[PDB]
Amino acid sequence: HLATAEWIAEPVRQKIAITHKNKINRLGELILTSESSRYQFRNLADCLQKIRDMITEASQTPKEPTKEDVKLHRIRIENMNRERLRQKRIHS
Amino acid sequence: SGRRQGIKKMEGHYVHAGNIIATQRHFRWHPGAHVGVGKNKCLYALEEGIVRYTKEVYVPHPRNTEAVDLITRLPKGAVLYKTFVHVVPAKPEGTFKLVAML
Amino acid sequence: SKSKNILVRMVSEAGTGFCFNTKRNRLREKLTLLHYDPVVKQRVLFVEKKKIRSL
Amino acid sequence: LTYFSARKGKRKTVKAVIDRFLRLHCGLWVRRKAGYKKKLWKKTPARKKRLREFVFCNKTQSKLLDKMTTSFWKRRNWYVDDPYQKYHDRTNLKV
Amino acid sequence: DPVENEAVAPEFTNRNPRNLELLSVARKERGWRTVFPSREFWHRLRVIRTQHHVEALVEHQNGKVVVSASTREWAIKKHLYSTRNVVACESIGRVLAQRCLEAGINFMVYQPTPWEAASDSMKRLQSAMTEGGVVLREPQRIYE
Amino acid sequence: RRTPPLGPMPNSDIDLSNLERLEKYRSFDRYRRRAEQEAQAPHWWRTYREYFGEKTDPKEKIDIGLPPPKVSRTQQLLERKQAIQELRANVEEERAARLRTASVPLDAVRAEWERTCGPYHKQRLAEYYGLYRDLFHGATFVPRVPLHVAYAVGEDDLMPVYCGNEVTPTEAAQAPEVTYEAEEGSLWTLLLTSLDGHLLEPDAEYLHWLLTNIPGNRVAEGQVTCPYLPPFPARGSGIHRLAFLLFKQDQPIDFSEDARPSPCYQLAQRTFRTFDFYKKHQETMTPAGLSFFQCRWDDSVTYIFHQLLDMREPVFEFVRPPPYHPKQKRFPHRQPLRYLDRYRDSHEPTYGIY
RNA sequence: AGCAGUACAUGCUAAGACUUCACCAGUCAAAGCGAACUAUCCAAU
Ligand SMILES: [K+]
Ligand SMILES: [Mg+2]
């Protein structure tokens, strides 16, 4: 349960919640899964390493600027044209 | 002293992506839908599906000087035709599967 | 003894040591090229160094 | 091929085969392409890449290589950090 | 115990014709390398110039016409001195770009000939489309 | 062995006796114009159109919409010709065109376009988006009545719906503002349907909104047969079609059978099929207007599932078929070492009995 | 025909195929990364 995680710092829990909202379920539980290995030891180690990267990435405020994925590029152009269609209430 | 060139996959045959449909010294069969061309004019499937041979109107690229000269000298009303080979995609690109119930 | 084209080895100026053989006309000065260099993963100046064979 | 050595009365291995081939425990033989190191200047990148591949021998060749080598060369080995370790056993092979 | 609203089919069926195209996973018709123009697109801009009129179409690779602007239309014709000049070609681009955004069409390919591309009419028509939000270049297909 | 052609062969009318005297194309464009025309024509031989062209019923699509308005062509042509002569008379108009400074008012163009070609262009767009295929099982109507739907985004802004433009679920959280030209005494039905939203049945739809017996343009006074529900496209399910349908009633209609509770948060109760709904009321109401937009998942959708729908949010992924490999053989002659990796399921070393 | 022109990402990697045929050798190639974005042994190192 991310919100009530004493071990994680309160500013970090907020940043993790927005960044990894897609992982948090209806109950507010951050869910991490790994299936990259046959052995449960390696799978569990992958999940724990994921938790560590989340806390580290959260505390590193200057997120590195990087080239967007090709999927993001068109979505940016689509979002830009969608705003172009927005109009203003003529009489308000 | 002979070699084997020609249609590897006949009409209605099932091909996988990368299958060589035909090999030719010169363009005898032209690439249609989902059919790639190699450096040696080899025709290969770009998708999985059924091979089809059709007769389509031929329009060369505007910068293909040799071919553009031919069509410009044709009598008006005359259309060039060529044999094209196509692959009809048999399967969809993918499906949407339920993966989580958050 | 004589050929129209010469096979010569181009060495990268980066000092990595990557070299590739290339063909140039016999009656030409030492060739310099911006050939791609795998070691540095980018294009780099290449200097003609040694004659390998005559075609 | 020597089937019965003069001093031991035992079959002998053809050392020419050991120099050129790798035998996987599953019975496959790996080899290099002929001329992979020769005249690279006159070969296209695509031709050069397939020339440096490690390729399998056919059934007929594999059975011949098996006869030319004694049982020692067919034993299972457990070399440390062997690059071909995973290839010694076949997977999902119905036949 | 089982919520009624939580009944979900294992496979989702999206019948939207543009769904896979919008996601960039729909396959374009590759091939036709020896002939002109290419079929490797989802949507294309085609400009038909006649002796008296200018017409610009946005059509799917399957041959359907999504949106179109033509000087034959009275809505456009009444504001034009001439329907066959550069101004008409620029006006068609501006009108078509607006109709494209309204139809959710943001990307398409333009396949002109060497002389058509050089001409000022197509340069002005292309500029109007780009200034109207149309990119005139499609995103690459996502194979993996 | 030769077989006679099964019809007129191409380039057969061309008289070869006087080849020099015939008129040649002389240009790439003229040949291409003729080439495209010939391709469209039907041919007895096998063509690309056969295998790839869609197979649709030859019978013409039934028209279930309002009748076309009556126009006097003679008077219309008269006024238009006089309008162009007036415009061309101005010296400033000719100078602007010659100097390439003239432009057209986009707003005035769209106003006239809505009155004239707009209904037929909206029908073409609806046909391209499959609305007729999915809503009326291939039946088509011309949206004679321009339907203006806009979503109030914030206080001073409005997100319009223009037949396919993308609107986010956040912008569609509240019922939109709907306006149309209706004469006094008329009664209308307005429904909002999600063609691609249904999570259980492929062919079913969700009734997001249904207003019936609307007197004129007063949408607020229309009976709320189904309360408005925001579009909830599932995450990873792609782009969904949301279509507003305006029906022109011929008389007051009893929609008790189609009524739904207020609030209606049961997906079973909102399961809807426009064809079945229209089929029972075809006698009394005619499809008049059409608007639609494209919607994809956004953060606001999660609120709809957890709060409004009281369910867990379903997530989907686009899954491609597993790569094809030929049946593995015991001896893969001339294949690279990596051939064995194509048929390997685990990357970690295995030890068997040891 | 036992070559030439002219480029220097004739880079890397990798599904699936072809092949004079038996072998050896030879040939084509999607996607991806990065760019552009228009004979054997022998002998020399
Ligand atoms: K659905
Ligand atoms: Mg590629």
# chains A, B, ... in the order shown; residues from 1 in each chain; ligands from 1

$ residues_near_ligand --ligand "ligand 2" --cutoff "8 Å" --atoms "only C-alpha atoms (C1' of nucleotides) and all ligand atoms" --output "PDB file with N, CA, C and O atoms (P, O5', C5', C4', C3', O3' and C1' of nucleotides), in the first residue's frame"
ATOM      1  P     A G  30      15.163  -5.919 -46.196  1.00  0.00           P
ATOM      2  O5'   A G  30      13.838  -5.957 -45.316  1.00  0.00           O
ATOM      3  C5'   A G  30      12.561  -5.832 -45.923  1.00  0.00           C
ATOM      4  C4'   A G  30      11.466  -6.272 -44.989  1.00  0.00           C
ATOM      5  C3'   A G  30      11.465  -5.621 -43.618  1.00  0.00           C
ATOM      6  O3'   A G  30      10.896  -4.325 -43.615  1.00  0.00           O
ATOM      7  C1'   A G  30      11.214  -7.947 -43.367  1.00  0.00           C
ATOM      8  P     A G  31      11.631  -3.131 -42.830  1.00  0.00           P
ATOM      9  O5'   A G  31      11.474  -3.525 -41.297  1.00  0.00           O
ATOM     10  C5'   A G  31      10.198  -3.804 -40.740  1.00  0.00           C
ATOM     11  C4'   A G  31      10.318  -4.519 -39.418  1.00  0.00           C
ATOM     12  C3'   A G  31      11.244  -3.879 -38.396  1.00  0.00           C
ATOM     13  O3'   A G  31      10.649  -2.802 -37.698  1.00  0.00           O
ATOM     14  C1'   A G  31      11.735  -6.173 -38.546  1.00  0.00           C
ATOM     15  P     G G  32      11.496  -1.470 -37.401  1.00  0.00           P
ATOM     16  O5'   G G  32      12.667  -1.964 -36.443  1.00  0.00           O
ATOM     17  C5'   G G  32      12.377  -2.539 -35.179  1.00  0.00           C
ATOM     18  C4'   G G  32      13.624  -3.034 -34.493  1.00  0.00           C
ATOM     19  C3'   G G  32      14.763  -2.034 -34.374  1.00  0.00           C
ATOM     20  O3'   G G  32      14.594  -1.116 -33.309  1.00  0.00           O
ATOM     21  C1'   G G  32      15.610  -4.092 -35.154  1.00  0.00           C
TER      22        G G  32
END

$ select_by_dssp --residues "chain C" --states "strand (DSSP E)" --output "ChimeraX atom specification"
/C:5-12,19-25,32-33,36-37,42-43,46-54

$ residues_near_ligand --ligand "ligand 1" --cutoff "10 Å" --atoms "only C-alpha atoms (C1' of nucleotides) and all ligand atoms" --output "ChimeraX atom specification"
/B:96 /E:8-9,11-16 /F:194-206,233-234,237-238,240

$ write_last_selection --atoms "N, CA and C atoms" --output "PDB file, in the first residue's frame"
ATOM      1  N   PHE B  96      -6.575  -7.301 -29.165  1.00  0.00           N
ATOM      2  CA  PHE B  96      -6.569  -6.628 -27.871  1.00  0.00           C
ATOM      3  C   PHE B  96      -7.009  -7.620 -26.804  1.00  0.00           C
TER       4      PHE B  96
ATOM      5  N   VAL E   8     -16.053  -8.948 -18.395  1.00  0.00           N
ATOM      6  CA  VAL E   8     -15.286  -8.407 -19.510  1.00  0.00           C
ATOM      7  C   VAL E   8     -14.826  -9.561 -20.388  1.00  0.00           C
ATOM      8  N   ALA E   9     -15.034  -9.429 -21.692  1.00  0.00           N
ATOM      9  CA  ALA E   9     -14.598 -10.463 -22.615  1.00  0.00           C
ATOM     10  C   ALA E   9     -13.072 -10.511 -22.661  1.00  0.00           C
ATOM     11  N   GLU E  11     -11.064 -10.872 -24.984  1.00  0.00           N
ATOM     12  CA  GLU E  11     -10.571 -10.137 -26.139  1.00  0.00           C
ATOM     13  C   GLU E  11     -11.478  -8.945 -26.397  1.00  0.00           C
ATOM     14  N   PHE E  12     -10.872  -7.776 -26.587  1.00  0.00           N
ATOM     15  CA  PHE E  12     -11.610  -6.554 -26.865  1.00  0.00           C
ATOM     16  C   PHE E  12     -11.749  -6.376 -28.370  1.00  0.00           C
ATOM     17  N   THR E  13     -12.975  -6.136 -28.824  1.00  0.00           N
ATOM     18  CA  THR E  13     -13.266  -5.937 -30.239  1.00  0.00           C
ATOM     19  C   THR E  13     -13.485  -4.450 -30.487  1.00  0.00           C
ATOM     20  N   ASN E  14     -12.530  -3.817 -31.162  1.00  0.00           N
ATOM     21  CA  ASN E  14     -12.637  -2.420 -31.562  1.00  0.00           C
ATOM     22  C   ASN E  14     -12.945  -2.380 -33.054  1.00  0.00           C
ATOM     23  N   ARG E  15     -14.173  -2.006 -33.399  1.00  0.00           N
ATOM     24  CA  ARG E  15     -14.614  -1.963 -34.787  1.00  0.00           C
ATOM     25  C   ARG E  15     -14.294  -0.644 -35.476  1.00  0.00           C
ATOM     26  N   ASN E  16     -13.698   0.310 -34.773  1.00  0.00           N
ATOM     27  CA  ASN E  16     -13.335   1.582 -35.377  1.00  0.00           C
ATOM     28  C   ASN E  16     -12.390   1.338 -36.550  1.00  0.00           C
TER      29      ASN E  16
ATOM     30  N   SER F 194     -21.801   4.721 -27.787  1.00  0.00           N
ATOM     31  CA  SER F 194     -20.403   4.339 -27.949  1.00  0.00           C
ATOM     32  C   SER F 194     -20.353   3.063 -28.777  1.00  0.00           C
ATOM     33  N   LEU F 195     -19.872   3.179 -30.015  1.00  0.00           N
ATOM     34  CA  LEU F 195     -19.850   2.034 -30.917  1.00  0.00           C
ATOM     35  C   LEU F 195     -18.820   0.996 -30.487  1.00  0.00           C
ATOM     36  N   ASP F 196     -17.695   1.437 -29.931  1.00  0.00           N
ATOM     37  CA  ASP F 196     -16.561   0.565 -29.657  1.00  0.00           C
ATOM     38  C   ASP F 196     -16.306   0.363 -28.169  1.00  0.00           C
ATOM     39  N   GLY F 197     -17.186   0.859 -27.301  1.00  0.00           N
ATOM     40  CA  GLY F 197     -16.901   0.832 -25.877  1.00  0.00           C
ATOM     41  C   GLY F 197     -17.234  -0.471 -25.185  1.00  0.00           C
ATOM     42  N   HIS F 198     -18.221  -1.211 -25.690  1.00  0.00           N
ATOM     43  CA  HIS F 198     -18.718  -2.388 -24.985  1.00  0.00           C
ATOM     44  C   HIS F 198     -17.589  -3.343 -24.616  1.00  0.00           C
ATOM     45  N   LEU F 199     -17.576  -3.755 -23.349  1.00  0.00           N
ATOM     46  CA  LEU F 199     -16.517  -4.595 -22.808  1.00  0.00           C
ATOM     47  C   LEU F 199     -16.814  -6.085 -22.903  1.00  0.00           C
ATOM     48  N   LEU F 200     -18.062  -6.471 -23.160  1.00  0.00           N
ATOM     49  CA  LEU F 200     -18.469  -7.871 -23.142  1.00  0.00           C
ATOM     50  C   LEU F 200     -18.907  -8.389 -24.503  1.00  0.00           C
ATOM     51  N   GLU F 201     -19.764  -7.655 -25.208  1.00  0.00           N
ATOM     52  CA  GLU F 201     -20.334  -8.112 -26.467  1.00  0.00           C
ATOM     53  C   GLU F 201     -19.746  -7.322 -27.626  1.00  0.00           C
ATOM     54  N   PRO F 202     -19.237  -7.980 -28.674  1.00  0.00           N
ATOM     55  CA  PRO F 202     -18.612  -7.213 -29.765  1.00  0.00           C
ATOM     56  C   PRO F 202     -19.577  -6.307 -30.509  1.00  0.00           C
ATOM     57  N   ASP F 203     -20.800  -6.769 -30.765  1.00  0.00           N
ATOM     58  CA  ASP F 203     -21.743  -6.031 -31.596  1.00  0.00           C
ATOM     59  C   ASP F 203     -22.614  -5.058 -30.811  1.00  0.00           C
ATOM     60  N   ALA F 204     -22.555  -5.074 -29.485  1.00  0.00           N
ATOM     61  CA  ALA F 204     -23.394  -4.206 -28.676  1.00  0.00           C
ATOM     62  C   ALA F 204     -22.741  -2.839 -28.488  1.00  0.00           C
ATOM     63  N   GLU F 205     -23.545  -1.886 -28.026  1.00  0.00           N
ATOM     64  CA  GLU F 205     -23.102  -0.527 -27.751  1.00  0.00           C
ATOM     65  C   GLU F 205     -23.560  -0.132 -26.356  1.00  0.00           C
ATOM     66  N   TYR F 206     -23.051   1.003 -25.884  1.00  0.00           N
ATOM     67  CA  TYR F 206     -23.478   1.592 -24.623  1.00  0.00           C
ATOM     68  C   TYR F 206     -24.314   2.830 -24.906  1.00  0.00           C
ATOM     69  N   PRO F 233     -13.510   4.822 -22.447  1.00  0.00           N
ATOM     70  CA  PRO F 233     -12.709   3.883 -23.245  1.00  0.00           C
ATOM     71  C   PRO F 233     -11.619   3.253 -22.388  1.00  0.00           C
ATOM     72  N   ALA F 234     -11.586   1.923 -22.375  1.00  0.00           N
ATOM     73  CA  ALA F 234     -10.628   1.211 -21.542  1.00  0.00           C
ATOM     74  C   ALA F 234      -9.199   1.511 -21.982  1.00  0.00           C
ATOM     75  N   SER F 237      -7.208  -0.105 -25.160  1.00  0.00           N
ATOM     76  CA  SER F 237      -8.196  -0.644 -26.081  1.00  0.00           C
ATOM     77  C   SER F 237      -8.290   0.151 -27.376  1.00  0.00           C
ATOM     78  N   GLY F 238      -7.563   1.253 -27.492  1.00  0.00           N
ATOM     79  CA  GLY F 238      -7.544   2.024 -28.716  1.00  0.00           C
ATOM     80  C   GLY F 238      -8.485   3.212 -28.683  1.00  0.00           C
ATOM     81  N   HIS F 240     -12.064   4.970 -29.593  1.00  0.00           N
ATOM     82  CA  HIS F 240     -13.467   4.590 -29.652  1.00  0.00           C
ATOM     83  C   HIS F 240     -14.286   5.667 -30.352  1.00  0.00           C
TER      84      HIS F 240
END

$ residues_around --residues "residue G:12" --least-positions-apart "5" --cutoff "10 Å" --atoms "only C-alpha atoms (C1' of nucleotides)" --output "PDB file with C-alpha atoms (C1' of nucleotides), in the first residue's frame"
ATOM      1  CA  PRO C  38      32.733   1.061 -35.753  1.00  0.00           C
TER       2      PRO C  38
ATOM      3  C1'   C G  33      20.303  -0.881 -33.855  1.00  0.00           C
ATOM      4  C1'   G G  34      22.930   3.057 -36.046  1.00  0.00           C
TER       5        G G  34
END

$ atom_distance --atom1 "atom CA of residue F:162" --atom2 "atom CA of residue F:114"
11.6 Å

$ closest_atom_pairs --of "chain G" --to "chain D" --cutoff "9 Å" --atoms "only C-alpha atoms (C1' of nucleotides)" --output "tab-separated table"
residue	atom	partner	partner_atom	distance
G:10	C1'	D:44	CA	5.3
G:11	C1'	D:45	CA	8.7
G:24	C1'	D:34	CA	7.9
G:25	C1'	D:34	CA	8.0
G:26	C1'	D:47	CA	8.9
G:39	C1'	D:34	CA	6.6
G:40	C1'	D:34	CA	8.4

$ write_last_selection --atoms "C-alpha atoms (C1' of nucleotides)" --output "PDB file, in the first residue's frame"
ATOM      1  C1'   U G  10      29.428  -2.551 -50.086  1.00  0.00           C
ATOM      2  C1'   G G  11      27.709  -0.397 -41.474  1.00  0.00           C
ATOM      3  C1'   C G  24      31.250 -27.121 -51.222  1.00  0.00           C
ATOM      4  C1'   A G  25      30.118 -22.468 -52.659  1.00  0.00           C
ATOM      5  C1'   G G  26      26.572 -18.908 -54.211  1.00  0.00           C
ATOM      6  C1'   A G  39      38.771 -24.486 -51.620  1.00  0.00           C
ATOM      7  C1'   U G  40      42.282 -26.572 -47.958  1.00  0.00           C
TER       8        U G  40
END

$ closest_residue --among "E:142, E:122, E:108, E:25" --to "residue E:61" --atoms "only C-alpha atoms"
E:108

$ residues_around --residues "stretch 76-79 of chain D" --least-positions-apart "3" --cutoff "12 Å" --atoms "only C-alpha atoms (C1' of nucleotides)" --output "list in words"
residues 23, 24, 25, 26, 27, 71, 72, 73, 82, 83, 84, 85, 86, 88 and 89 of chain D; 351 and 354 of chain F

$ write_last_selection --atoms "N, CA and C atoms" --output "short mmCIF file (atom, residue, chain, number, x, y, z; two decimals), in the first residue's frame"
data_model
loop_
_atom_site.label_atom_id
_atom_site.label_comp_id
_atom_site.auth_asym_id
_atom_site.auth_seq_id
_atom_site.Cartn_x
_atom_site.Cartn_y
_atom_site.Cartn_z
N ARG D 23 31.64 -30.94 -32.14
CA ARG D 23 30.52 -31.86 -31.99
C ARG D 23 29.75 -31.51 -30.74
N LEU D 24 28.48 -31.17 -30.91
CA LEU D 24 27.59 -30.99 -29.78
C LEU D 24 27.14 -32.36 -29.28
N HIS D 25 26.86 -32.44 -27.98
CA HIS D 25 26.51 -33.73 -27.40
C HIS D 25 25.25 -34.32 -28.02
N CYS D 26 24.37 -33.48 -28.57
CA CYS D 26 23.15 -33.97 -29.19
C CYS D 26 23.41 -34.66 -30.52
N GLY D 27 24.62 -34.58 -31.06
CA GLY D 27 24.96 -35.20 -32.32
C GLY D 27 25.14 -34.24 -33.48
N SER D 71 34.83 -42.61 -29.25
CA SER D 71 33.81 -42.26 -28.27
C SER D 71 34.24 -41.12 -27.36
N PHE D 72 35.54 -40.92 -27.17
CA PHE D 72 36.00 -39.86 -26.27
C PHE D 72 35.49 -38.50 -26.72
N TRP D 73 35.47 -38.25 -28.03
CA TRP D 73 35.01 -36.98 -28.57
C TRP D 73 33.50 -36.79 -28.49
N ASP D 82 31.58 -22.34 -20.91
CA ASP D 82 31.64 -22.79 -22.29
C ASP D 82 30.68 -21.96 -23.14
N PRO D 83 31.12 -21.39 -24.26
CA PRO D 83 30.19 -20.61 -25.09
C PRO D 83 29.11 -21.46 -25.74
N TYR D 84 29.37 -22.74 -26.00
CA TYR D 84 28.42 -23.62 -26.65
C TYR D 84 27.67 -24.51 -25.67
N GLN D 85 27.68 -24.16 -24.39
CA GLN D 85 27.05 -25.02 -23.38
C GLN D 85 25.57 -25.24 -23.69
N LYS D 86 24.84 -24.17 -23.98
CA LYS D 86 23.40 -24.28 -24.18
C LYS D 86 23.05 -25.12 -25.40
N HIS D 88 24.39 -27.85 -26.50
CA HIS D 88 24.64 -29.29 -26.43
C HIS D 88 23.36 -30.10 -26.34
N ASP D 89 22.28 -29.53 -25.80
CA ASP D 89 21.02 -30.24 -25.64
C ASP D 89 19.94 -29.59 -26.51
N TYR F 351 20.35 -28.34 -16.49
CA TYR F 351 21.30 -29.37 -16.09
C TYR F 351 20.74 -30.79 -16.12
N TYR F 354 21.41 -34.05 -13.45
CA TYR F 354 22.45 -33.64 -12.52
C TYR F 354 21.97 -32.53 -11.59
#

$ residues_around --residues "residue C:16" --least-positions-apart "4" --cutoff "8 Å" --atoms "only C-alpha atoms (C1' of nucleotides)" --output "list in words"
residues 12, 39 and 40 of chain C

$ interface_residues --of "chain B" --to "chain F" --cutoff "10 Å" --atoms "only C-alpha atoms" --output "NGL selection string"
:B and (16-17 or 32-33 or 48 or 52-62 or 68-81 or 83-89 or 91-102)

$ write_last_selection --atoms "N, CA and C atoms" --output "tab-separated table (two decimals), in the first residue's frame"
chain	number	residue	atom	x	y	z
B	16	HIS	N	4.86	-17.28	-46.27
B	16	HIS	CA	5.23	-16.59	-45.04
B	16	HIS	C	6.10	-15.40	-45.38
B	17	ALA	N	6.15	-14.44	-44.46
B	17	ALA	CA	6.94	-13.24	-44.70
B	17	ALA	C	8.39	-13.62	-44.97
B	32	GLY	N	3.41	-6.46	-56.52
B	32	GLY	CA	2.10	-5.92	-56.21
B	32	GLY	C	1.99	-5.54	-54.75
B	33	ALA	N	0.83	-5.82	-54.16
B	33	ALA	CA	0.59	-5.49	-52.77
B	33	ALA	C	1.36	-6.44	-51.86
B	48	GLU	N	2.38	-12.51	-44.47
B	48	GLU	CA	1.88	-13.87	-44.57
B	48	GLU	C	0.50	-13.84	-45.22
B	52	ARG	N	-1.43	-14.00	-55.20
B	52	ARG	CA	-2.37	-13.75	-56.28
B	52	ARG	C	-1.65	-13.06	-57.43
B	53	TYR	N	-1.97	-13.48	-58.66
B	53	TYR	CA	-1.44	-12.86	-59.87
B	53	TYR	C	-2.57	-12.15	-60.59
B	54	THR	N	-2.37	-10.88	-60.91
B	54	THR	CA	-3.37	-10.07	-61.59
B	54	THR	C	-2.71	-9.27	-62.70
B	55	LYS	N	-3.55	-8.66	-63.53
B	55	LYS	CA	-3.12	-7.78	-64.61
B	55	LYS	C	-3.54	-6.37	-64.24
B	56	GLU	N	-2.57	-5.49	-64.02
B	56	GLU	CA	-2.82	-4.13	-63.59
B	56	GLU	C	-2.27	-3.14	-64.59
B	57	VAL	N	-2.91	-1.97	-64.67
B	57	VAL	CA	-2.41	-0.90	-65.51
B	57	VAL	C	-1.04	-0.46	-65.02
B	58	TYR	N	-0.12	-0.27	-65.95
B	58	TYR	CA	1.26	0.07	-65.63
B	58	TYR	C	1.47	1.57	-65.75
B	59	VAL	N	1.94	2.19	-64.68
B	59	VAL	CA	2.29	3.61	-64.67
B	59	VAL	C	3.70	3.73	-64.10
B	60	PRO	N	4.70	4.09	-64.90
B	60	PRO	CA	6.07	4.18	-64.38
B	60	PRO	C	6.27	5.42	-63.53
B	61	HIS	N	7.39	5.43	-62.82
B	61	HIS	CA	7.72	6.58	-61.99
B	61	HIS	C	8.11	7.76	-62.88
B	62	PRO	N	7.69	8.98	-62.55
B	62	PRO	CA	8.01	10.13	-63.42
B	62	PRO	C	9.49	10.29	-63.72
B	68	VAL	N	9.11	6.55	-69.05
B	68	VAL	CA	8.25	7.70	-69.34
B	68	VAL	C	8.25	8.00	-70.83
B	69	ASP	N	9.40	7.83	-71.49
B	69	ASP	CA	9.46	8.06	-72.93
B	69	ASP	C	8.52	7.12	-73.67
B	70	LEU	N	8.43	5.87	-73.22
B	70	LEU	CA	7.56	4.90	-73.87
B	70	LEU	C	6.10	5.33	-73.80
B	71	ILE	N	5.62	5.65	-72.59
B	71	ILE	CA	4.20	5.94	-72.42
B	71	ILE	C	3.81	7.24	-73.11
B	72	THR	N	4.73	8.20	-73.21
B	72	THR	CA	4.41	9.46	-73.87
B	72	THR	C	4.22	9.28	-75.37
B	73	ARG	N	4.89	8.30	-75.96
B	73	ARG	CA	4.79	8.04	-77.39
B	73	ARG	C	3.64	7.11	-77.74
B	74	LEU	N	2.90	6.62	-76.75
B	74	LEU	CA	1.80	5.72	-77.02
B	74	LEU	C	0.62	6.49	-77.61
B	75	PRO	N	-0.16	5.86	-78.48
B	75	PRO	CA	-1.38	6.52	-78.97
B	75	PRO	C	-2.33	6.81	-77.82
B	76	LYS	N	-2.95	7.99	-77.87
B	76	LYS	CA	-3.88	8.36	-76.82
B	76	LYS	C	-5.03	7.37	-76.77
B	77	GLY	N	-5.38	6.94	-75.55
B	77	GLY	CA	-6.37	5.91	-75.34
B	77	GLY	C	-5.80	4.53	-75.08
B	78	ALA	N	-4.49	4.35	-75.23
B	78	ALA	CA	-3.84	3.06	-75.06
B	78	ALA	C	-3.17	3.02	-73.69
B	79	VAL	N	-3.44	1.95	-72.94
B	79	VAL	CA	-2.93	1.79	-71.58
B	79	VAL	C	-2.06	0.55	-71.54
B	80	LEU	N	-0.85	0.69	-70.99
B	80	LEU	CA	0.04	-0.45	-70.82
B	80	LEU	C	-0.42	-1.32	-69.65
B	81	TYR	N	-0.26	-2.63	-69.80
B	81	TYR	CA	-0.61	-3.59	-68.77
B	81	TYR	C	0.59	-4.47	-68.47
B	83	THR	N	1.87	-7.91	-65.56
B	83	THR	CA	1.47	-8.92	-64.59
B	83	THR	C	2.06	-8.58	-63.23
B	84	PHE	N	1.20	-8.52	-62.22
B	84	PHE	CA	1.60	-8.19	-60.87
B	84	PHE	C	1.27	-9.36	-59.95
B	85	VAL	N	2.11	-9.56	-58.94
B	85	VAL	CA	1.91	-10.60	-57.94
B	85	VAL	C	1.66	-9.92	-56.61
B	86	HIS	N	0.64	-10.40	-55.89
B	86	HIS	CA	0.23	-9.81	-54.63
B	86	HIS	C	0.17	-10.88	-53.56
B	87	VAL	N	0.22	-10.44	-52.30
B	87	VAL	CA	0.00	-11.30	-51.15
B	87	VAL	C	-1.17	-10.74	-50.37
B	88	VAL	N	-2.20	-11.56	-50.16
B	88	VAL	CA	-3.39	-11.15	-49.43
B	88	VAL	C	-3.17	-11.49	-47.96
B	89	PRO	N	-2.95	-10.51	-47.08
B	89	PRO	CA	-2.67	-10.82	-45.67
B	89	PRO	C	-3.70	-11.75	-45.04
B	91	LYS	N	-3.70	-12.96	-41.75
B	91	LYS	CA	-3.94	-12.75	-40.33
B	91	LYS	C	-3.95	-11.27	-39.98
B	92	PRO	N	-4.65	-10.89	-38.92
B	92	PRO	CA	-4.62	-9.49	-38.47
B	92	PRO	C	-3.31	-9.16	-37.77
B	93	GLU	N	-3.01	-7.86	-37.73
B	93	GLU	CA	-1.77	-7.41	-37.11
B	93	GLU	C	-1.70	-7.86	-35.65
B	94	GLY	N	-2.82	-7.82	-34.95
B	94	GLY	CA	-2.86	-8.25	-33.56
B	94	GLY	C	-4.27	-8.19	-33.03
B	95	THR	N	-4.40	-8.55	-31.75
B	95	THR	CA	-5.67	-8.50	-31.05
B	95	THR	C	-5.48	-7.83	-29.70
B	96	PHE	N	-6.57	-7.30	-29.16
B	96	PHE	CA	-6.57	-6.63	-27.87
B	96	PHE	C	-7.01	-7.62	-26.80
B	97	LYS	N	-6.10	-7.96	-25.90
B	97	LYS	CA	-6.33	-8.95	-24.87
B	97	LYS	C	-6.37	-8.30	-23.50
B	98	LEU	N	-7.31	-8.74	-22.67
B	98	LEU	CA	-7.37	-8.26	-21.29
B	98	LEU	C	-6.15	-8.75	-20.53
B	99	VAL	N	-5.42	-7.81	-19.93
B	99	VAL	CA	-4.18	-8.15	-19.23
B	99	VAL	C	-4.23	-7.86	-17.74
B	100	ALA	N	-5.11	-6.98	-17.28
B	100	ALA	CA	-5.18	-6.67	-15.86
B	100	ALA	C	-6.57	-6.17	-15.53
B	101	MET	N	-6.91	-6.24	-14.24
B	101	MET	CA	-8.18	-5.75	-13.73
B	101	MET	C	-7.86	-4.89	-12.49
B	102	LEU	N	-7.30	-3.72	-12.74
B	102	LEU	CA	-6.85	-2.83	-11.68
B	102	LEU	C	-8.00	-2.29	-10.84

$ closest_residue --among "C:50, C:35, C:13, C:29" --to "chain G" --atoms "only C-alpha atoms (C1' of nucleotides)"
C:35

$ residues_around --residues "residue E:96" --least-positions-apart "4" --cutoff "9 Å" --atoms "only C-alpha atoms (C1' of nucleotides)" --output "PyMOL selection string"
chain E and resi 56-58+67-70+91-92+100-101+128-129+132

$ interface_residues --of "chain C" --to "chain D" --cutoff "10 Å" --atoms "only C-alpha atoms" --output "ChimeraX atom specification"
/C:7,20-23
